[PDB]
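Residue numbers (the numbering used here), protein chains in the order written: chain C, 6 to 131; chain L, 6 to 131.
For each residue, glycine too, the CB sits at the ideal point set by N, CA and C.
Structure, as structure tokens:
2 protein chains.
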Amino acid sequence: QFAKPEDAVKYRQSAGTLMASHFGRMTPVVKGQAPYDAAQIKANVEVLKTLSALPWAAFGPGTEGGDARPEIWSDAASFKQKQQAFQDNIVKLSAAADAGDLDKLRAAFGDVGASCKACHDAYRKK
Amino acid sequence: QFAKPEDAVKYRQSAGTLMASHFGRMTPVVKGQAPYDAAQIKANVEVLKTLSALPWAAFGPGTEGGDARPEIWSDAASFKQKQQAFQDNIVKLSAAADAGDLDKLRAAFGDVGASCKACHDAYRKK
Ligand code: HEC
Ligand code: HEC
């Protein structure tokens with residue numbers, strides 16, 4: 006869907022921006038510094054679920070650039086494993102939210118955050 | 006969810022970027038220059054549905070900036086009418102996609118595009 010590689014870069018960076026907001030806005034809730042409303046979090050995690058599937062298709066043929074490290078395309082299976090595992094972690098966060106289980110949410114939230122960081126550490130330029 | 010107004014601006018601009026990609030990537034389909042696969046379009050319009058609800062909450066208290074015109078906050082009801090009408094048009098696009106009706110999709114797509122433009126013309130700085 007991208008006329009030029011720059012358009013893929015702009016897309017995936019914007020998807021990252023929105024994921025960071027929908028993930029990070031729950032930090033005060035997970036820490037107990039903001040109240041826990043199960044319906045609010047369920048709805049927010051649904052948004053995050055949708056967003057979480059979006060970046061990967063924007064690292065397609067010839068879309069090199071931005072802060073993507075070149076190791077993304079040459080090791081296609083290792084990068085894939087990481088995005089599929091991140092989305093696995095998102096499924097677990099969805100389950101916690103959908104159940105209205107705050108302890109479960111805390112734990113799942115930490116696992117998601119670790120998955121974001123693991124990918125950035127390997128595949129995003131400093 | 007925004008620490009500073011700049012963070013709201015960055016969010017809403019990224020939501021716009023993603024909407025433009027998910028809406029605009031269907032142009033060749035609506036024009037018949039790319040094939041119509043009803044399931045593909047149904048899934049894409051579902052993504053667009055989710056995204057289409059996101060910008061509005063990022064024009065909240067004290068989030069003035071970017072290319073938002075100041076008329077957005079002082080005429081809160083007129084701006085609201087426009088975003089709710091745009092989302093009405095999105096519901097109609099969803100219906101067309103969900104039905105697998107290409108003629109209906111064409112018409113609904115044009116109505117959505119007109120709604121984007123009407124809001125930008127009134128509320129987005131040149
Ligand atoms: C690999 C499987 C990743 C996972 C999982 C997550 N991110 Fe990511 N992210 C990744 C790359 C390779 C890049 C660079 C893209 C480019 O071309 O520059 C990014 C970028 C971001 C950004 C910065 C966007 C920008 O302003 O330029 C953000 C804010 C971001 N990513 C957030 C984010 C979050 C919150 C994630 C987990 C919920 C997450 N990413 C996972 C690769 C991967
Ligand atoms: C008002 C009810 C709007 C509707 C409907 C749509 N958009 Fe919008 N858009 C609006 C404003 C006020 C702004 C400016 C935000 C800012 O603070 O700068 C925007 C911006 C965009 C952008 C540019 C983002 C950027 O790169 O800075 C894009 C690409 C965009 N909008 C796209 C878009 C599409 C495709 C829409 C219909 C599907 C749509 N917008 C509707 C206000 C409104």
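Residue i: contacting residues in chain C (beta-carbon distance under 9 Å)
i: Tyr41/L; result: Near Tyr41/L there are no residues of chain C at all, since even the closest Cβ is about 16 Å away, more than 9 Å.
Counted within 10 angstroms of its Cβ, other Cβ atoms place residue i as buried (16 or more) or exposed
i: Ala58/C; result: exposed
i: residue 3/L; result: Absent from the model: residue 3/L. The displayed extent of chain L is 6 to 131, so no value can be given.
i: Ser83/C; result: exposed
i: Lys15/L; result: buried
i: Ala101/L; result: buried
i: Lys87/L; result: buried
i: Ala13/L; result: buried
i: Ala8/L; result: exposed
i: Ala81/C; result: exposed
i: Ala123/L; result: exposed
Residue-level contact to chain C via CB, residue i, 8 Å cutoff
i: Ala20/L; result: yes
i: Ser26/L; result: yes
Contacts that residue i makes with chain L (C-beta to C-beta distance below 7 Å)
i: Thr55/C; result: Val52, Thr55
Chain L within 8 Å of residue i, Cβ atoms only
i: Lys15/C; result: yes
i: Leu110/C; result: no
i: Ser99/C; result: no
Within chain C, the residues that residue i reaches when beta carbons sit closer than 8 Å
i: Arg30/L; result: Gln6
Contact list for residue i against chain L, beta-carbon separation under 8 Å
i: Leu23/C; result: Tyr16, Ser19, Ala20, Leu23, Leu59
Per-residue contacts from residue i into chain L (C-beta, under 9 Å)
i: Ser79/C; result: None at all; the shortest Cβ gap to chain L is about 26 Å.
Straight-line Cα distance separating residue j from residue i
i: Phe28/L; j: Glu51/C; result: 21 Å
i: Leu53/C; j: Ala119/C; result: 16 Å
i: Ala39/L; j: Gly71/C; result: 29 Å
i: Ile46/L; j: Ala104/C; result: 31 Å
i: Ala48/L; j: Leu56/C; result: 13 Å
i: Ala43/C; j: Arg30/C; result: 15 Å
i: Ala25/L; j: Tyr41/C; result: 34 Å
i: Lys130/C; j: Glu69/C; result: 12 Å
i: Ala90/C; j: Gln92/L; result: 33 Å
i: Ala112/L; j: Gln6/C; result: 21 Å
i: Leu110/C; j: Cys121/C; result: 16 Å
i: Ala127/C; j: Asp108/L; result: 46 Å
i: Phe114/L; j: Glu11/C; result: 26 Å
i: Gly67/L; j: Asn94/L; result: 29 Å
Test: residue i CB closer than 8 Å to a CB of chain A
i: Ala13/C; result: The chain labelled as chain A is not found among the protein chains of the depicted structure, namely C and L.
Margin query: So, does the region 16-25 of chain L touch the region 75-92 of chain L, judging by three or more C-beta pairs under 8 Å?
Written below: no
Check: Would you say the region 23-39 of chain L touches the region 61-70 of chain L, given that touching needs at least three Cβ pairs under 8 Å?
Finding: no
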